[PDB]
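First, one chain by itself in structure tokens, the form deposited in one PDB entry.
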């Protein structure tokens, strides 16, 4: 039961952002096809990083320009086809503030990302195969992590200044962790998800910071549980054995220094928490890589809240994916190396994913 699965990792550069364009920034990152190289202004050394997929979005006519409908067909479409057999899947995004992860996963209204492509193509891939034989169920929830406190986003918050009930996490002995109080809503068509995402993202705690005009101050997790009830050789009752898959799509917050992102008051108090969570989302990658060499180790999952929920996603039973977004300016050289040196770590994680099927009993 189960198979070895190298964790999938992809890298992606963003075109020069407006503020750095006003500063007249020097390009530092280059792509020799697949391999990325980073040259300093110092040019004292030249680090090189190798990955499995290397996108490019600097300018729209370079040969090799991976658009929003290219980071699907190379990264997320395998995750979609791997969740038809039954394997659990994940796709989560690392980077710094302004590196472009909330533009890749969710896109913008005219440029949609992976969530809309995934969902609408899935429903396009369901009505192409759905018959009277095997059913197709889909539920979905959408939660966030704000200052070490889980919150739901599809809970229409009304008449108070703090309609923001803090939920909690718990550990099931077999099914692993789970959130208590999580609205798990049912969907049938893409027209049902667009009204949830439309409400969820309006609830996600965004703010205005020096790095970019709309900066997320939260990690967001987006679930889809798809169970297909199959029929096959039996004695009597059919529609019994069913294969279940859990697709989690995660959009994180960013490294954010206090100088580069002018902030005080409350902005600085959630900045710390993003940083502590992403300080622990590094230990979990580093120490899981150190398992590949036989070296016995402990993965500090419980040091934070996000890496406690996404615990079966990094290791565990999940075919996972790390999209790694990095800026091309020289002002963002002391933080792009940090992103890419963790992306190269993530590729070495071997996790065992197994098709999930339970016979009626």
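Numbering follows the first chain given and starts at 1. Heads up, when I say rigid core I mean the largest set of C-alphas that superpose within 1.5 Å between the two forms.
If you look for the form deposited in another entry, you will not find it shown, but the lines that follow are about it.
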Residue 110: with the rigid core matched between this form and the one not shown, does its Cα shift 2 Å or more?
no
Superposing on the rigid core, is the Cα displacement of residue 101 between this form and the one not shown 2 Å or more?
no
Rigid core superposition, residue 52 Cα moves 2 angstroms or more between this form and the one not shown
no
Under comparison with the form shown, the C-alpha atoms of residue 294 and residue 52 in the other form shift by 3 angstroms or more, placing them closer
Sense of the change in Cα distance from residue 294 to residue 89 in the other form - at least 3 Å versus the shown form
closer
